[PDB]
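Read through the structure below, which is laid out as structure tokens, and then see the notes.
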Amino acid sequence: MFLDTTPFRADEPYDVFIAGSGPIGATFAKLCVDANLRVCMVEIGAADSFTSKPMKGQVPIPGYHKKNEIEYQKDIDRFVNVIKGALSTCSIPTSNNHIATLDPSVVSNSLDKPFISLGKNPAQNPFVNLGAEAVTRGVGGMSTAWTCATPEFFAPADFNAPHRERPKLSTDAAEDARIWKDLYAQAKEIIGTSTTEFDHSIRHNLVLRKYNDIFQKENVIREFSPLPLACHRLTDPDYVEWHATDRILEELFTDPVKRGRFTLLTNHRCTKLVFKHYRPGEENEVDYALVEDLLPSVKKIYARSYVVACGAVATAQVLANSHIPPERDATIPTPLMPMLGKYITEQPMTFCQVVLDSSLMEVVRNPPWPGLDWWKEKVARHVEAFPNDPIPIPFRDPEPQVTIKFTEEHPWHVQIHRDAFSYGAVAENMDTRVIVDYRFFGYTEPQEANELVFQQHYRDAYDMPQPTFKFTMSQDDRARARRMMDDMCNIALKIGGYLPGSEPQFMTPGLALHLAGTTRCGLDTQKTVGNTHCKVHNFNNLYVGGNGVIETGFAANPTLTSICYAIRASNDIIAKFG
Amino acid sequence: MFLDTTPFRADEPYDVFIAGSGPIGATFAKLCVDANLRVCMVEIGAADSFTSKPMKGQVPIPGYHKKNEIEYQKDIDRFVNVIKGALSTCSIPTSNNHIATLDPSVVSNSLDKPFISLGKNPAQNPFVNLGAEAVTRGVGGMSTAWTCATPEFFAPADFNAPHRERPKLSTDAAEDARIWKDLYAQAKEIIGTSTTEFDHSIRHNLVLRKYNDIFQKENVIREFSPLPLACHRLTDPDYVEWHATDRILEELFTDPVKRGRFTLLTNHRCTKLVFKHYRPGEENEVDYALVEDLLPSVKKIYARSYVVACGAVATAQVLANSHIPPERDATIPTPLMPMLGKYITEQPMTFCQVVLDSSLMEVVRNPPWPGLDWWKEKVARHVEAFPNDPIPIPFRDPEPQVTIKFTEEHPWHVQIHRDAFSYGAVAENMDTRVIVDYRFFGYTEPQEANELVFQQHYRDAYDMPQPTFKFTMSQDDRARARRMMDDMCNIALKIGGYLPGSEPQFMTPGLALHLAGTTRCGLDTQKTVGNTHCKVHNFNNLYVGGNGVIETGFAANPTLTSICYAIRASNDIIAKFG
Amino acid sequence: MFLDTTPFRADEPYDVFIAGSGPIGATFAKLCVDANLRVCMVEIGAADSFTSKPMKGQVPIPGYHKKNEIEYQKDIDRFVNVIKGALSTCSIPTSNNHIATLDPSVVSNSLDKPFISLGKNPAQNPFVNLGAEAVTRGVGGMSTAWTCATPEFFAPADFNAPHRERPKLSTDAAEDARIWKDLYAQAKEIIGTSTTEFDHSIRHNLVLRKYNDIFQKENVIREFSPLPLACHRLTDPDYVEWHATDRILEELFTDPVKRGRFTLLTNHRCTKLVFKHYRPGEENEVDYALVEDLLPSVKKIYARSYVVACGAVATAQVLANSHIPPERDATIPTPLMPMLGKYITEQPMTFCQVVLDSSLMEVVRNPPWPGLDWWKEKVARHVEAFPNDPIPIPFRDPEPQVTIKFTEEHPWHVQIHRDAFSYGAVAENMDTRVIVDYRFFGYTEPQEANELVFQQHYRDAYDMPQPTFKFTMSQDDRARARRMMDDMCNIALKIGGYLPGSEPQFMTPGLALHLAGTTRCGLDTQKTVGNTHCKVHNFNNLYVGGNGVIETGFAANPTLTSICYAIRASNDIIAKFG
Ligand SMILES: Cc1cc2nc3c(=O)[nH]c(=O)nc-3n(C[C@H](O)[C@H](O)[C@H](O)COP(=O)(O)OP(=O)(O)OC[C@H]3O[C@@H](n4cnc5c(N)ncnc54)[C@H](O)[C@@H]3O)c2cc1C
Ligand SMILES: Cc1cc2nc3c(=O)[nH]c(=O)nc-3n(C[C@H](O)[C@H](O)[C@H](O)COP(=O)(O)OP(=O)(O)OC[C@H]3O[C@@H](n4cnc5c(N)ncnc54)[C@H](O)[C@@H]3O)c2cc1C
Ligand SMILES: Cc1cc2nc3c(=O)[nH]c(=O)nc-3n(C[C@H](O)[C@H](O)[C@H](O)COP(=O)(O)OP(=O)(O)OC[C@H]3O[C@@H](n4cnc5c(N)ncnc54)[C@H](O)[C@@H]3O)c2cc1C
Ligand SMILES: OC[C@H]1O[C@@H](O)[C@H](O)[C@@H](F)[C@@H]1O
Ligand SMILES: OC[C@H]1O[C@@H](O)[C@H](O)[C@@H](F)[C@@H]1O
Ligand SMILES: OC[C@H]1O[C@@H](O)[C@H](O)[C@@H](F)[C@@H]1O
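Residue numbers (PDB author numbering), protein chains in the order written: chain B, 1 to 56, 70 to 309, 319 to 348, 366 to 617; chain D, 1 to 56, 70 to 309, 319 to 348, 366 to 617; chain C, 1 to 56, 70 to 309, 319 to 348, 366 to 617.
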């Protein structure tokens, strides 16, 4: 499927070239096209997911949320399959395990002759990996499948605190605050953030109000709030529209004026960028982008500015690949961008599910909180239709969406909800109405030694250099992780008992996919890849984008914040190339 | 194995008949033959476990602990098989499940013609079952494989606090107190309790010392103590001799005079007790013991007194079956014993394994507690010998054997140890030195409705009336169990992190095998089956023994306390028929 | 467990010393004590199971088959727990697998600092292993759990046909047959082979006759027979008594003349045989035998003749360990016995279980063969007692015990039975009355390269050199294995459909425990260790016992044949040491 956007023309240079049709990549697209810039966007995957909008006879819009389709609203459990089908794992270490019970006549690996597994990475030490780190390919990137939770990152009162989630945009605290407030407001409106979309679910209120009551009668008080979600409940309240790249790009299809300033080539790989020259430590510039059409031909695409917004892993993979101008575990040296792939950070996650205390069904039948006439009605109604239901919760009552915002007191991010990305077999003997998920995300200190590198002699499925992780938690990273488990166990048991198979546990490293710091951006030029406008040092026309630009160790979901950097970088591009 | 001993003569009535050769029944055999009484005992199982002592020229002694064979002293992880191989589940409920992948030509169950499978129990409602409750059949009862923990029960300083572990034997606090002091001291000499057999284990001291340090300095203090065990470390400290029936029955085999007053019938089913009459409300006598030889032939056995020490399940069985002189799901009425099998109790259990924090390995290499030369010495030798090993604990170092004494403020029993009865897959990759178990056993309130009954028309593999359980906890039982769960999680996470697979979980009801109150003995005549000497109401020559005489809701392990009731009962016997 | 038998003299030269109290070891002790020789037996394990046989007043006999207890007869399923608890794996290879969901704070293996685990053998190539090869320690050895099948090994009509199961004991055709004939008859009596103990099973007759019927109609005909079992049905037909060491040793406990020439040292390790000298290829002799009492210490033990009957592993172990008189993957060289642990052979095994055809319950309700009125009556009584039962077969009916004897045109051993040793989760949804096990066993050719060797630097749990396997079957063994699997599928599907979970598969190499050839004996002196009398080359008081003696590639269960060898051997100790 091939979008009939503006057709590529050669040697009439674009204003902005953009790699990646993720929500971040889309943000550059919307804002630059808003500024009457002419934009060419490439995307390695396909246009896989559509919605329609009237022109200003209807216009397909790609990058829609696959969870939006009605079969996934009627049957949420089925959706984990789309996710598993979307995700491609970055680094799978090789192995040579012996199958003892093979028919002795069949082909078999030996000690000195293991199989040669295509795609698996011979350089990956399995002990320093992010084994569950993975990527999605397609218009909209990971946004056609995401959870849609968009908190702000935490800013401590002391601007010089030992730790912060929200990175510094300036050395002036009054000014730092100022920009972030503006960036945050805008990103929220871009992506469709709301905290009221579940204010009429019985489960959501049950879990939220009770936790608040419980934790005011405590030594340490904890504050429970609605997880900020990028979504809006639809006029039929059985349904929700989850937001994705579609609402960002919307007007680039829907507005004939803007539609002419925007090109999107799907199934196109940005292989690398070619520079004016290849000398470290002195001013430089992107000459063109090596784009390859993957449909079963090679293009040099010119533009006045360039954005790599291919997700945290791939963005670095392009800039790494670009170091090759046109023993066996050797990596590609990136001296043109020394800080590339250093200080990488990824969140430990703990997980469990509980079954609500039967005590709380009483609550459901007779809630002590006021202005709950809707709840009492839905309940009273349900028990009409189903006199013999153990659970008085209405059949299609939405899941809880509760969070606890980070504090330096409890330096981790908590989600109390139901996620579409189940981690095991659906518990078939327990009703879904009484299951609650807990996911606690920790943060990790940025250190130089923690690296994402790229192999010279190893290529992934798309002919790009193989990513290799070298990640080891720090000692205070581990103390915090432990405190986080404890916190989860305590908190969850306040309202339920662990649902068997979903007991307290750490998930495989990288599972959260909040990998950050791969092309990191901030005020310290020496240790970053880019400045606070996400411009790459020594390159006038080259910008990065995505979670890889985040220079801090943070616990919350990164997208909203990466959109802030997209706004900021887009404005620098606009102010330089208008 | 027909034990070479004083062969059965049916022309000299015995002083004592005992059914059951457990540790509780053998407590009778030992005390009674000590007092020149002449004793006949039948065991329905076989004599399979032996050690050999010199006569007071080597006499084989039965009821020796299976864990004492060197094979198991050197490979403890193998002993779980012995345990599983000796456990015989009591009530397996019927099922008729569709197997959709049968070759369609093979014998199959259908909806209306379900399989009839020998042994399972059509009366059991699975939701009130004690699914894991089971029995061992053989000389020693369960003692040939038990884990050997022998704590005392808790008595609140208030002799009238609303709940107590230790049952009352008098209404005077001081007399009651004094009786128990005496009973416990003998029992521990009979069973060979000792809290010092692990005092030179690194793993044991690490857990104990660090746990106490942590909680000496915490908001709510908790004291950790050596778990009292019925065993002793031999003089090659790698070996422990676990104690069982053999140490109790010992004299009766080795003293040529005690030889002659003791008859032991193995593979003999005490089918029932015949009375002189079967009217309820008035006095009565055990006429004789109806007893069968099960290997290739029925034997009335007359004696002056009769003791049923047949475990908590089989003891109620024999009595129930004795209500028969010599709607499909109707039970056997017990009018001669009005409260039999009523008021039963079992303990809720939670469980998890952790791996020790790696910072504690630093502690092992360099312990913060003064004057622990022997610890530094063992550690030094190992690091000398296995310089490479990431664990500084020596190879054959003993497990931890730590407890927390029940308190009314924390109404459950903990064990922080390593148990031979492992609960699932034996961890392939994790080193066993750094693994620690947690078991928390709660208590349940004795309630009338909580029953144990027997079927008229359903017979187990030994032709005895089929047990059926009708057990439901109470709301307060439940509330405590949640707190017990919360508490196991908080405690374990202080020194280690959950081993995947052994995360916080409740076990199947009855796995403790601490079933109790099937033949309850106490002061209130109208609610008990026996008195404080464990003579059945209205039968002057009939005594009960084992965990089922215990009338309280308790959380600690029961064997030691039951031995206390055995002694008290053996005195009441002797001071009658002596 | 020290036995009552004849004292230990450190002055007297015993006539014969024996290592190992398995069936082979017990056979030497019988035939030799019979011929008036004083014999010392040392066993490394304890005395686990006993029975009582009156003296020529009950005497305990060690070596009782553990399945004879009424427990494992009223519930055969439970017995695999005993088998698993008994087996100790010979060679377990090391590994360093990454646990990816460990709490990050806990102790962990790493890439270059893995766990050091007691009992893993670092020299083992997992690809050339017999990973299921295991030993059993105790009096009776493996005979206290064995399946008791005792077929004869195949002798082909030609005497120089390329392959035979049965080893050559002469170059004279007529004489070979004669010796084996009387050896077999003698052996059959010692252990007690009977092909008639299942002649009144409904299940056994159904399978036997139907298969024979069906296969009389087929293109290549195959003959089915009762599997020859070392057992006898007890006078009660529900119970069966499996034979074991106890019936080889009975005389030596039940005759004072006998008992007075038999010393039994359980828990005693025969560490090595010390020799006169150590010159390779020159007549030698044992001097003494080194023995360790493993109880809470060395012991020199003196006799004229010495028998090693420790298994096929532990036997060849013992001899190699003797090569040490009184890089680090290096192994103990055996220059005195060049062929020790070479030409080793083990049997591939295929397995499956079927559920019987529903069409066969009609054959059961109405069987078409002459003289089956006993069958009809049982079916009538069952159907009368159990109306609603789809299974006309009665509740206690013995399992099948059917074989097809090895032939040259189908060169594998086949068993169509029910084995106590289950291979995975017992299915709880299918009735065991219609389940049938299939175990085919192939044979591997002896090649010199196929080795069992012993580590100079790694010990097992009993301080003996770690055993190490170097085994790879040849292009012929593989091809035969293929036809064997095919033959099994074809044959099994004639009467039922594969039970789910128990579909056709190969089992882990070694699982059959018919390892042989470690100490091979024959008429080529160079390619053997001992001769046809089991007398080790160049040693005049040195004999070997067990499956290790068998020099050929065989597919049948080997104990009977080895028992033959233990007779031919036991005679040659008597005609030399008369
Ligand atoms: C199941 C799931 C749930 C999630 N839930 C949340 C959440 O609740 N909150 C949150 O903040 N985040 C969440 N995330 C993560 C979130 O989606 C990412 O932070 C976000 O998608 C990043 O946007 P991006 O455009 O920078 O990168 P991406 O979304 O990865 O998009 C990059 C695009 O570039 C394309 N590309 C890659 N390489 C090339 C190349 N060489 N040439 C051309 N194109 C290329 C890829 O195909 C992809 O389409 C979730 C992710 C997943 C998978
Ligand atoms: C693995 C395991 C670990 C344990 N660990 C502990 C622990 O650490 N601490 C603790 O306090 N408890 C523990 N227990 C429980 C403990 O073993 C029992 O409480 C104890 O053995 C009770 O002894 P008893 O004589 O009352 O009953 P039993 O030991 O069960 O003895 C009953 C005997 O009676 C025989 N019998 C039954 N019916 C008949 C019949 N009608 N005719 C003839 N004979 C009959 C049976 O064969 C059996 O031999 C453990 C149990 C197990 C299984
Ligand atoms: C579950 C099972 C089922 C089987 N079924 C069959 C079957 O149906 N048919 C068949 O033919 N075979 C069967 N076998 C194999 C059969 O058990 C053996 O072939 C048989 O026991 C051979 O006995 P052995 O005495 O030669 O060796 P073992 O029985 O292994 O006995 C050797 C003894 O030597 C002792 N020993 C070893 N080292 C030392 C040491 N140095 N010091 C002192 N003592 C030592 C060991 O403790 C052992 O007890 C089965 C085996 C198993 C495990
Ligand atoms: O794996 C699920 C988790 O993945 C993360 O990427 C999301 O940000 C969370 F919201 C989500 O719960
Ligand atoms: O399941 C094991 C448990 O069994 C129980 O019977 C014992 O009392 C516990 F101590 C033991 O840990
Ligand atoms: O594994 C079970 C098998 O063990 C083998 O050692 C026996 O010889 C077979 F008969 C038996 O079926």
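All C-beta atoms, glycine included, are put in the ideal place defined by N, C-alpha and C.
**OP:** Return yes when at least one heavy atom of ligand 3 lies under 7 Å from the C-beta of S101/D, else no.
**Re:** no
Subject >> Span separating the alpha-carbon of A466/D from that of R191/C >> reply: About 54 Å.
Original post:
Can you tell me where the alpha helix (DSSP H) with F616/D in it begins and where it stops?
Top reply: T598 to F616
Subject >> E12/C: first and last residue of the uninterrupted beta strand (DSSP E) it sits in >> reply: Careful: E12/C lies outside any beta strand (DSSP E) and carries neither H nor E.
**OP:** Taking 8 Å as the cut-off, decide whether the C-beta atoms of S123/C and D396/D are in contact.
**Re:** no
**OP:** Return the CA-CA distance between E165/C and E385/C, expressed in angstroms with no decimal places.
**Re:** 17 Å
Subject >> Reduced DSSP secondary structure (H/G/I, E/B, other) of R292/C >> reply: coil
Original post:
Who are the near neighbours of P387/B in its chain, counting only those whose CB is closer than 6 Å to its CB and skipping five residues on each side?
Top reply: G481 and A520
**OP:** Return no unless some Cβ of chain D is closer than 8 Å to the Cβ of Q71/C.
**Re:** So, interface residue.
Original post:
According to DSSP, is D306/B helix, strand or coil?
Top reply: strand
Original post:
For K509/C, which beta-bridge partners are listed by DSSP?
Top reply: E490/C
Original post:
How should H290/C be labelled, buried or exposed, when 16 other C-beta atoms within 10 angstroms of its C-beta is the threshold for buried?
Top reply: Flag for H290/C reads exposed.
Subject >> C283/D, DSSP secondary structure in three states >> reply: strand
Original post:
Between the C-alpha atoms of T107/C and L552/C, what's the straight-line distance to the nearest angstrom?
Top reply: 22 Å
Subject >> Option in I432/C, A459/C, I83/C and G333/C with minimal Cα separation from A158/C >> reply: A459/C
Original post:
Secondary structure at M388/D, three-state DSSP: helix, strand or coil?
Top reply: In the three-state DSSP reduction, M388/D falls in the strand class (E or B).
Subject >> One or two residues paired with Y197/D in a DSSP bridge >> reply: None; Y197/D has no bridge partner.
Subject >> Within 9 Å of chain D by C-beta, residues of the region 382-404 of chain C in sequence order >> reply: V393, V394, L395, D396, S397, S398, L399 and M400
Original post:
Can you find a CB in chain C that lies within less than 8 Å of the CB of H456/B?
Top reply: no
**OP:** Under 9 Å between beta-carbons, which chain B residues line up against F166/C? List them in chain order, please.
**Re:** Going along chain B, no residue has its Cβ under 9 Å from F166/C, so there is no contact; the nearest lies around 23 Å.
Original post:
Is the beta carbon of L37/D less than 8 Å from the beta carbon of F434/C?
Top reply: no
Original post:
Relative to chain B, which residues along the region 523-543 of chain D have a C-beta separation below 8 Å, given in chain order?
Top reply: Within the region 523-543 of chain D, contact with chain B at the beta-carbon level (separation under 8 Å) is assigned to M524, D525, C528, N529, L532, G536, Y537, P539, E542 and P543.
**OP:** Measure the C-alpha to C-alpha separation of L3/B and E264/B and round it to an integer number of angstroms.
**Re:** 14 Å
**OP:** Check distances from the C-beta atoms of the region 206-237 of chain D to those of chain B and list, in chain order, the residues that come in under 9 Å.
**Re:** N232
Original post:
Is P506/C near ligand 3, with its Cβ less than 7 Å from a heavy atom?
Top reply: No; taking the cut-off as 7 Å, the Cβ of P506/C has no heavy atom of ligand 3 nearer than that.
**OP:** Please go through the same chain and pick out, in chain order, the residues whose beta-carbon is closer than 8 Å to the beta-carbon of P548/B, but skip the five residues on each side of it.
**Re:** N142, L143, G144, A145, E146, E385, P387 and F510
Original post:
My guess is that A342/B and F17/B are in contact by the Cβ rule of under 8 Å, so how many angstroms apart are they, rounded?
Top reply: Actually they are not in contact, since the Cβ atoms of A342/B and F17/B sit about 18 Å apart, beyond 8 Å.
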